[PDB]
Structure formats: structure tokens, C-alpha cells
$ cat data.cif   # mmCIF, C-alpha atoms
data_entry
#
loop_
_atom_site.label_atom_id
_atom_site.label_comp_id
_atom_site.auth_asym_id
_atom_site.auth_seq_id
_atom_site.Cartn_x
_atom_site.Cartn_y
_atom_site.Cartn_z
CA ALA A 1 10.67 -33.61 20.72
CA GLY A 2 12.27 -30.18 20.87
CA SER A 3 13.26 -31.09 17.29
CA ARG A 4 9.80 -32.35 16.46
CA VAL A 5 8.10 -29.16 17.65
CA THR A 6 10.89 -27.22 15.86
CA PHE A 7 10.01 -28.95 12.56
CA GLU A 8 6.26 -28.16 13.08
CA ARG A 9 7.12 -24.50 13.72
CA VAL A 10 9.37 -24.10 10.76
CA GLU A 11 6.64 -25.61 8.58
CA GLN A 12 4.09 -23.22 10.07
CA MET A 13 6.36 -20.20 9.54
CA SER A 14 6.76 -21.31 5.91
CA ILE A 15 2.91 -21.30 5.55
CA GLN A 16 2.55 -17.83 7.10
CA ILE A 17 5.43 -16.42 5.04
CA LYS A 18 3.72 -17.60 1.82
CA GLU A 19 0.51 -15.99 3.02
CA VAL A 20 2.31 -12.70 3.74
CA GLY A 21 3.79 -12.83 0.18
CA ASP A 22 0.31 -13.46 -1.33
CA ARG A 23 -1.22 -10.58 0.59
CA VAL A 24 1.49 -8.19 -0.58
CA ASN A 25 0.96 -9.38 -4.21
CA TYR A 26 -2.77 -8.64 -3.82
CA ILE A 27 -2.02 -5.17 -2.49
CA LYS A 28 0.34 -4.51 -5.39
CA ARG A 29 -2.36 -5.47 -7.85
CA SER A 30 -4.86 -3.15 -6.06
CA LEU A 31 -2.30 -0.31 -6.28
CA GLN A 32 -1.88 -0.99 -10.03
CA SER A 33 -5.68 -0.72 -10.50
CA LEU A 34 -5.48 2.49 -8.52
CA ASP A 35 -2.68 3.82 -10.64
CA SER A 36 -4.78 3.31 -13.78
CA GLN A 37 -7.73 5.26 -12.33
CA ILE A 38 -5.31 8.05 -11.39
CA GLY A 39 -4.09 8.09 -15.03
CA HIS A 40 -7.57 8.67 -16.24
CA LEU A 41 -8.10 11.45 -13.69
CA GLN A 42 -4.93 13.24 -14.69
CA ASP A 43 -5.96 13.15 -18.43
CA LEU A 44 -9.37 14.53 -17.49
CA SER A 45 -7.78 17.24 -15.42
CA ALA A 46 -5.41 18.24 -18.25
CA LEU A 47 -8.35 18.40 -20.68
CA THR A 48 -10.44 20.65 -18.33
CA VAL A 49 -7.49 23.00 -17.86
CA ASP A 50 -6.81 23.16 -21.56
CA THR A 51 -10.43 24.13 -22.34
CA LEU A 52 -10.42 26.88 -19.72
CA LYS A 53 -7.56 28.35 -21.69
CA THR A 54 -9.59 28.09 -24.98
CA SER B 1 -18.69 26.35 -18.66
CA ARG B 2 -21.43 23.74 -18.95
CA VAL B 3 -18.71 21.61 -20.36
CA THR B 4 -16.51 22.84 -17.48
CA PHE B 5 -19.16 21.91 -14.85
CA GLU B 6 -19.49 18.43 -16.44
CA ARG B 7 -15.78 17.63 -16.42
CA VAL B 8 -15.34 18.93 -12.89
CA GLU B 9 -18.28 16.81 -11.72
CA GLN B 10 -16.77 13.79 -13.41
CA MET B 11 -13.41 14.42 -11.76
CA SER B 12 -15.09 14.65 -8.39
CA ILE B 13 -16.63 11.14 -8.85
CA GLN B 14 -13.24 9.78 -9.91
CA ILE B 15 -11.50 11.37 -6.96
CA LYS B 16 -14.02 9.64 -4.74
CA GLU B 17 -13.38 6.21 -6.39
CA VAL B 18 -9.60 6.76 -5.88
CA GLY B 19 -10.13 7.79 -2.21
CA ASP B 20 -12.17 4.70 -1.48
CA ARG B 21 -9.63 2.40 -3.06
CA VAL B 22 -6.83 4.03 -1.12
CA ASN B 23 -8.66 3.24 2.12
CA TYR B 24 -9.33 -0.41 1.15
CA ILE B 25 -5.55 -0.72 0.57
CA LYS B 26 -4.85 0.97 3.89
CA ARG B 27 -7.09 -1.56 5.62
CA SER B 28 -5.34 -4.56 3.89
CA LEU B 29 -2.01 -3.31 5.21
CA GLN B 30 -3.50 -2.90 8.75
CA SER B 31 -4.57 -6.52 8.58
CA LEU B 32 -1.24 -7.67 7.15
CA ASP B 33 0.53 -5.86 10.03
CA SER B 34 -1.42 -7.91 12.54
CA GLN B 35 -0.47 -11.22 10.80
CA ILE B 36 3.20 -10.18 10.71
CA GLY B 37 3.08 -9.56 14.46
CA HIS B 38 1.97 -13.13 15.03
CA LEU B 39 4.61 -14.47 12.63
CA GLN B 40 7.21 -12.44 14.57
CA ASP B 41 5.99 -14.16 17.76
CA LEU B 42 6.13 -17.66 16.30
CA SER B 43 9.71 -16.98 15.17
CA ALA B 44 10.78 -15.77 18.64
CA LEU B 45 9.22 -18.85 20.28
CA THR B 46 10.90 -21.23 17.76
CA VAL B 47 14.31 -19.58 18.46
CA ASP B 48 13.78 -19.78 22.31
CA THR B 49 13.31 -23.53 22.18
CA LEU B 50 16.24 -23.91 19.79
CA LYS B 51 18.49 -22.20 22.31
CA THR B 52 17.70 -24.94 24.84
CA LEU B 53 18.76 -27.58 22.36
CA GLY C 1 21.14 -29.84 13.53
CA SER C 2 19.95 -27.38 16.14
CA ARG C 3 22.67 -24.79 15.87
CA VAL C 4 22.46 -24.19 12.18
CA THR C 5 18.66 -24.21 12.41
CA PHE C 6 18.86 -21.76 15.27
CA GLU C 7 20.96 -19.51 13.06
CA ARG C 8 18.57 -19.65 10.07
CA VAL C 9 15.54 -19.02 12.31
CA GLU C 10 17.21 -16.04 14.02
CA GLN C 11 18.01 -14.52 10.62
CA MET C 12 14.36 -15.09 9.64
CA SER C 13 13.12 -13.36 12.69
CA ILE C 14 15.32 -10.26 11.80
CA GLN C 15 13.98 -10.20 8.28
CA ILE C 16 10.37 -10.74 9.48
CA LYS C 17 10.90 -7.60 11.69
CA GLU C 18 12.22 -5.51 8.68
CA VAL C 19 9.17 -6.55 6.64
CA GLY C 20 6.94 -5.55 9.53
CA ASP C 21 8.61 -2.13 9.71
CA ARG C 22 8.30 -1.49 6.00
CA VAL C 23 4.62 -2.44 6.10
CA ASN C 24 3.97 0.18 8.80
CA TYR C 25 5.81 2.83 6.79
CA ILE C 26 3.66 2.09 3.76
CA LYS C 27 0.60 2.26 6.00
CA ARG C 28 1.54 5.78 7.25
CA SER C 29 2.03 6.89 3.61
CA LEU C 30 -1.51 5.68 2.78
CA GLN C 31 -2.93 7.55 5.74
CA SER C 32 -1.30 10.86 4.58
CA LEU C 33 -2.43 10.14 1.05
CA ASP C 34 -5.93 9.55 2.37
CA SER C 35 -5.86 12.94 4.12
CA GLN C 36 -4.59 14.76 1.05
CA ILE C 37 -7.34 13.19 -1.07
CA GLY C 38 -9.83 14.43 1.54
CA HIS C 39 -8.63 17.95 0.91
CA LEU C 40 -8.93 17.47 -2.81
CA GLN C 41 -12.43 16.09 -2.51
CA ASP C 42 -13.48 19.10 -0.50
CA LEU C 43 -12.01 21.34 -3.20
CA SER C 44 -13.64 19.51 -6.00
CA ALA C 45 -16.95 19.67 -4.07
CA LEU C 46 -16.77 23.44 -3.59
CA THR C 47 -15.77 23.97 -7.23
CA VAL C 48 -18.62 21.85 -8.44
CA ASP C 49 -21.16 23.56 -6.27
CA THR C 50 -20.32 27.13 -7.46
CA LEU C 51 -20.30 26.00 -11.08
CA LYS C 52 -23.98 24.85 -10.67
CA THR C 53 -25.02 28.39 -9.73
CA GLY D 1 -16.76 37.08 -15.08
CA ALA D 2 -16.06 36.86 -11.34
CA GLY D 3 -17.56 33.39 -10.95
CA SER D 4 -15.27 32.21 -13.76
CA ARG D 5 -12.16 33.71 -12.17
CA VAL D 6 -12.37 31.80 -8.93
CA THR D 7 -13.34 28.69 -10.87
CA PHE D 8 -10.17 28.93 -12.97
CA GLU D 9 -8.09 29.19 -9.75
CA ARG D 10 -9.84 26.21 -8.18
CA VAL D 11 -9.39 24.02 -11.23
CA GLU D 12 -5.65 24.98 -11.42
CA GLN D 13 -5.34 23.89 -7.78
CA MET D 14 -7.16 20.60 -8.39
CA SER D 15 -4.70 19.70 -11.10
CA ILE D 16 -1.67 20.49 -8.87
CA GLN D 17 -3.22 18.24 -6.12
CA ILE D 18 -4.03 15.49 -8.61
CA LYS D 19 -0.41 15.47 -9.67
CA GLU D 20 0.67 15.15 -6.03
CA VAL D 21 -1.72 12.20 -5.53
CA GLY D 22 -0.09 10.56 -8.59
CA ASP D 23 3.50 11.13 -7.31
CA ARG D 24 2.49 9.70 -3.87
CA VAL D 25 1.02 6.58 -5.36
CA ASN D 26 4.19 6.18 -7.51
CA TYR D 27 6.25 6.32 -4.28
CA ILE D 28 4.01 3.70 -2.58
CA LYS D 29 4.39 1.44 -5.64
CA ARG D 30 8.17 1.64 -5.37
CA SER D 31 8.02 1.05 -1.58
CA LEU D 32 5.85 -2.06 -2.20
CA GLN D 33 8.38 -3.45 -4.72
CA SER D 34 11.16 -3.11 -2.12
CA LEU D 35 9.00 -4.86 0.41
CA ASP D 36 8.15 -7.60 -1.97
CA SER D 37 11.93 -8.02 -2.66
CA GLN D 38 12.58 -8.43 1.08
CA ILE D 39 9.77 -11.00 1.33
CA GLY D 40 11.29 -12.99 -1.52
CA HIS D 41 14.63 -13.29 0.41
CA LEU D 42 12.75 -14.51 3.47
CA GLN D 43 10.70 -17.07 1.40
CA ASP D 44 14.11 -18.28 0.04
CA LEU D 45 15.63 -18.62 3.61
CA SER D 46 12.44 -20.26 4.80
CA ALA D 47 12.52 -22.74 1.85
CA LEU D 48 16.17 -23.57 2.52
CA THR D 49 15.50 -24.13 6.24
CA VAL D 50 12.56 -26.40 5.34
CA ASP D 51 14.65 -28.32 2.67
CA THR D 52 17.25 -28.97 5.38
CA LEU D 53 14.82 -30.49 8.01
CA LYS D 54 12.72 -32.67 5.58
CA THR D 55 15.46 -35.32 5.77
#
$ encode --input "data.cif" --output "C-alpha cells"
Amino acid sequence: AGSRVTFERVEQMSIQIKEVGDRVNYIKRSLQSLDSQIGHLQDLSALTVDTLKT
Amino acid sequence: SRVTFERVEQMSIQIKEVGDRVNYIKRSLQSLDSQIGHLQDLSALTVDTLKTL
Amino acid sequence: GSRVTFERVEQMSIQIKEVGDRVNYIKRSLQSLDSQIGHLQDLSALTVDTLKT
Amino acid sequence: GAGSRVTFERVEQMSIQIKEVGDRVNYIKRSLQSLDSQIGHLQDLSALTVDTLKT
């Protein structure tokens, strides 16, 4: 009863904890994509600076 | 100069793509925060019943 | 058994809270990043406009 | 001449600010790995609690 509802709750926490994990992994992937775009922008910046010195 | 204009205009586009992505990420975290709050509540309610047992 | 379960759930609720806190820190960092990218976009926009003329 | 001068300054500032944006995102990446580590410990505690009530 109390133990039944406790088992339902622990199962439901387990579901929501896996969903929190999955959401963080998605966010990590998005940040990785972002990091790559930033790489490209830094190269382009260094190139523009270099040419202003030439 | 013309080449400088071109590279600067390209950077400005790329800065915009990075800005937009940062905000999409910011919004995911906002939404995750809300879901954590409800998980926090479910854990508190589970513990309260366990104390009576 | 209720007592050991109570103990594992309590420890979960403390860790859930720590996760929640770290999420909100990361969120604040995105907001400041967002604002610094806004400054940079403004700069790139000014630079680009002068270089047209 | 003059137009170019200011432009050189502006471009020099953009590349400082682009570096900062980089550094910030590197920090966020590291903060997200910590967070993900914490979530793994909670998934583990949650799985053990579950394993222990199945039967």
C-alpha cells in the first residue's frame, strides 16, 4: 500500500532520471556542434587579421 | 579591403549562427530546470510517505 | 524494507538538488555568453557597415 | 587611410571577443561534463534502489 505506492514512485523517478540524462546528452551534443562553428569563426578571424597585416 | 569587407561580413553571419544556437541551448536548460523541479517534488513526496512506514 | 529505501531515496533527493543547482549555474553562464555575443554582433555590424562605404 | 585605421582597431577587437566566446563555451562544456558525471551517480543509485524493490 504505502509500499505499493513507494514502488510506483521509485519506478517513476527512474523514468524521469533517465529523461534528465538524455536531455543533458542532447545539450552536450548541441554544445559540441556549437564548438565546431566557433572553431571555424576563430580561423576566419585569424585569417582576416593576418591579411590586414599584409 | 574588398577582401576585408567580405571576410568581416562572413564572420558576422557566423556570429549570428553561434548566437542563435547559444539561445536554443539556453532554452533547453530552462526546460530541463522545470523538469528537475518536478523530479525534486516527487522525491520529497516519496520520502514523506516512507517516513510514515 | 522501508528504512533502507528511505535512505536511498533521501540520498537521491540530495543529488537531484545538486543537479538542479548545477543546471541553473550553466543557464546563467549561457545568459552572460548570450549578452557578450550581442556586443560582438553589434561590433561586427558597425565594422561591416563602415567597410561598405 | 582613416577609414582603414578604425577598421583595423575594430577587427582586432572582434578577434579578442571571439576568443572570449571560445573560452566561455569551453568552460560550459567542462561544466556540462561535471553535471553529466553527477547524473550518472544518481542513475546508478536509482538503478540500485529499483533492483532492490523488484523482488
$ resolve_selection --input "data.cif" --expression "the PyMOL selection byres ((chain D) within 9 of (chain C))" --output "number ranges by chain"
D: 3-4, 6-7, 10-11, 13-14, 17-18, 20-21, 24-25, 27-28, 31-32, 34-36, 38-39, 41-42, 45-46, 48-49, 52-53
$ atom_distance --input "data.cif" --atom1 "CA of residue 4 (chain B)" --atom2 "CA of residue 17 (chain B)"
20.2 Å
$ resolve_selection --input "data.cif" --expression "the PyMOL selection byres ((chain A) within 8 of (chain D))" --output "NGL selection string"
:A and (7 or 10-11 or 13-14 or 17-18 or 21 or 24-25 or 28 or 31 or 35 or 38-39 or 41-42 or 45-46 or 48-49 or 52)
$ resolve_selection --input "data.cif" --expression "the PyMOL selection byres ((chain B and resi 32) around 9)" --output "PDB file with C-alpha atoms, in the frame of the given file"
ATOM      1  CA  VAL A  20       2.310 -12.700   3.740  1.00  0.00           C
ATOM      2  CA  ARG A  23      -1.220 -10.580   0.590  1.00  0.00           C
ATOM      3  CA  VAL A  24       1.490  -8.190  -0.580  1.00  0.00           C
TER       4      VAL A  24
ATOM      5  CA  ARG B  27      -7.090  -1.560   5.620  1.00  0.00           C
ATOM      6  CA  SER B  28      -5.340  -4.560   3.890  1.00  0.00           C
ATOM      7  CA  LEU B  29      -2.010  -3.310   5.210  1.00  0.00           C
ATOM      8  CA  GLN B  30      -3.500  -2.900   8.750  1.00  0.00           C
ATOM      9  CA  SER B  31      -4.570  -6.520   8.580  1.00  0.00           C
ATOM     10  CA  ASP B  33       0.530  -5.860  10.030  1.00  0.00           C
ATOM     11  CA  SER B  34      -1.420  -7.910  12.540  1.00  0.00           C
ATOM     12  CA  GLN B  35      -0.470 -11.220  10.800  1.00  0.00           C
ATOM     13  CA  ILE B  36       3.200 -10.180  10.710  1.00  0.00           C
ATOM     14  CA  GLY B  37       3.080  -9.560  14.460  1.00  0.00           C
TER      15      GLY B  37
ATOM     16  CA  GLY C  20       6.940  -5.550   9.530  1.00  0.00           C
ATOM     17  CA  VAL C  23       4.620  -2.440   6.100  1.00  0.00           C
TER      18      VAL C  23
END
$ atom_distance --input "data.cif" --atom1 "CA of residue 26 (chain B)" --atom2 "CA of residue 11 (chain B)"
22.3 Å
$ interface_residues --input "data.cif" --of "chain B" --to "chain D" --cutoff "9 Å" --atoms "all atoms listed in the file" --output "ChimeraX atom specification"
/B:1,8,15
$ write_last_selection --input "data.cif" --atoms "C-alpha atoms" --output "compact mmCIF listing (two decimals), in the coordinates of the input"
# COMPACT_ATOMS: atom_id res chain seq x y z
CA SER B 1 -18.69 26.35 -18.66
CA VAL B 8 -15.34 18.93 -12.89
CA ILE B 15 -11.50 11.37 -6.96
$ closest_atom_pairs --input "data.cif" --of "chain B" --to "chain C" --cutoff "6 Å" --atoms "all atoms listed in the file" --output "CSV"
residue,atom,partner,partner_atom,distance
B:5,CA,C:51,CA,5.7
B:12,CA,C:44,CA,5.6
B:26,CA,C:30,CA,5.9
B:43,CA,C:13,CA,5.6
B:47,CA,C:6,CA,6.0
B:50,CA,C:6,CA,5.6
$ atom_distance --input "data.cif" --atom1 "CA of residue 16 (chain B)" --atom2 "CA of residue 54 (chain A)"
27.7 Å
$ interface_residues --input "data.cif" --of "chain B" --to "chain A" --cutoff "7 Å" --atoms "all atoms listed in the file" --output "number ranges by chain"
B: 4, 7, 11, 14, 18, 21, 25, 39, 46, 49
$ write_last_selection --input "data.cif" --atoms "C-alpha atoms" --output "mmCIF file, in the frame of the given file"
data_model
loop_
_atom_site.group_PDB
_atom_site.id
_atom_site.type_symbol
_atom_site.label_atom_id
_atom_site.label_comp_id
_atom_site.auth_asym_id
_atom_site.auth_seq_id
_atom_site.Cartn_x
_atom_site.Cartn_y
_atom_site.Cartn_z
ATOM 1 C CA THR B 4 -16.510 22.840 -17.480
ATOM 2 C CA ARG B 7 -15.780 17.630 -16.420
ATOM 3 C CA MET B 11 -13.410 14.420 -11.760
ATOM 4 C CA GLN B 14 -13.240 9.780 -9.910
ATOM 5 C CA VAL B 18 -9.600 6.760 -5.880
ATOM 6 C CA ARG B 21 -9.630 2.400 -3.060
ATOM 7 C CA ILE B 25 -5.550 -0.720 0.570
ATOM 8 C CA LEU B 39 4.610 -14.470 12.630
ATOM 9 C CA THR B 46 10.900 -21.230 17.760
ATOM 10 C CA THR B 49 13.310 -23.530 22.180
#
$ build_atoms --input "data.cif" --residues "region 13-25 of chain B" --atoms "N, CA, C and O atoms" --output "PDB file, in the frame of the given file"
ATOM      1  N   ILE B  13     -16.315  12.567  -8.879  1.00  0.00           N
ATOM      2  CA  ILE B  13     -16.630  11.140  -8.850  1.00  0.00           C
ATOM      3  C   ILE B  13     -15.376  10.274  -8.854  1.00  0.00           C
ATOM      4  O   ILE B  13     -15.183   9.427  -7.972  1.00  0.00           O
ATOM      5  N   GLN B  14     -14.481  10.536  -9.797  1.00  0.00           N
ATOM      6  CA  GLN B  14     -13.240   9.780  -9.910  1.00  0.00           C
ATOM      7  C   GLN B  14     -12.317   9.960  -8.721  1.00  0.00           C
ATOM      8  O   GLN B  14     -11.631   9.036  -8.321  1.00  0.00           O
ATOM      9  N   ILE B  15     -12.257  11.159  -8.193  1.00  0.00           N
ATOM     10  CA  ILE B  15     -11.500  11.370  -6.960  1.00  0.00           C
ATOM     11  C   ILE B  15     -12.070  10.517  -5.844  1.00  0.00           C
ATOM     12  O   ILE B  15     -11.332   9.979  -5.012  1.00  0.00           O
ATOM     13  N   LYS B  16     -13.394  10.432  -5.785  1.00  0.00           N
ATOM     14  CA  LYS B  16     -14.020   9.640  -4.740  1.00  0.00           C
ATOM     15  C   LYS B  16     -13.678   8.134  -4.903  1.00  0.00           C
ATOM     16  O   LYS B  16     -13.357   7.449  -3.914  1.00  0.00           O
ATOM     17  N   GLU B  17     -13.728   7.613  -6.139  1.00  0.00           N
ATOM     18  CA  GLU B  17     -13.380   6.210  -6.390  1.00  0.00           C
ATOM     19  C   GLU B  17     -11.926   5.932  -5.992  1.00  0.00           C
ATOM     20  O   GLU B  17     -11.612   4.846  -5.472  1.00  0.00           O
ATOM     21  N   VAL B  18     -11.037   6.909  -6.237  1.00  0.00           N
ATOM     22  CA  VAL B  18      -9.600   6.760  -5.880  1.00  0.00           C
ATOM     23  C   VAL B  18      -9.438   6.790  -4.322  1.00  0.00           C
ATOM     24  O   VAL B  18      -8.719   5.965  -3.716  1.00  0.00           O
ATOM     25  N   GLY B  19     -10.147   7.698  -3.671  1.00  0.00           N
ATOM     26  CA  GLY B  19     -10.130   7.790  -2.210  1.00  0.00           C
ATOM     27  C   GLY B  19     -10.559   6.492  -1.557  1.00  0.00           C
ATOM     28  O   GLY B  19      -9.871   5.971  -0.656  1.00  0.00           O
ATOM     29  N   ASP B  20     -11.703   5.956  -1.995  1.00  0.00           N
ATOM     30  CA  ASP B  20     -12.170   4.700  -1.480  1.00  0.00           C
ATOM     31  C   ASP B  20     -11.212   3.512  -1.656  1.00  0.00           C
ATOM     32  O   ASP B  20     -10.973   2.765  -0.721  1.00  0.00           O
ATOM     33  N   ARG B  21     -10.630   3.391  -2.833  1.00  0.00           N
ATOM     34  CA  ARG B  21      -9.630   2.400  -3.060  1.00  0.00           C
ATOM     35  C   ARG B  21      -8.424   2.607  -2.189  1.00  0.00           C
ATOM     36  O   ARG B  21      -7.921   1.632  -1.620  1.00  0.00           O
ATOM     37  N   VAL B  22      -7.945   3.838  -2.040  1.00  0.00           N
ATOM     38  CA  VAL B  22      -6.830   4.030  -1.120  1.00  0.00           C
ATOM     39  C   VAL B  22      -7.130   3.504   0.280  1.00  0.00           C
ATOM     40  O   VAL B  22      -6.246   2.972   0.951  1.00  0.00           O
ATOM     41  N   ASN B  23      -8.356   3.698   0.770  1.00  0.00           N
ATOM     42  CA  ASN B  23      -8.660   3.240   2.120  1.00  0.00           C
ATOM     43  C   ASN B  23      -8.773   1.722   2.250  1.00  0.00           C
ATOM     44  O   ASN B  23      -8.395   1.158   3.300  1.00  0.00           O
ATOM     45  N   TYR B  24      -9.300   1.073   1.212  1.00  0.00           N
ATOM     46  CA  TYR B  24      -9.330  -0.410   1.150  1.00  0.00           C
ATOM     47  C   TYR B  24      -7.912  -0.991   1.239  1.00  0.00           C
ATOM     48  O   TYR B  24      -7.704  -2.004   1.922  1.00  0.00           O
ATOM     49  N   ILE B  25      -6.958  -0.312   0.591  1.00  0.00           N
ATOM     50  CA  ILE B  25      -5.550  -0.720   0.570  1.00  0.00           C
ATOM     51  C   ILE B  25      -4.978  -0.505   1.966  1.00  0.00           C
ATOM     52  O   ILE B  25      -4.337  -1.416   2.485  1.00  0.00           O
TER      53      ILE B  25
END
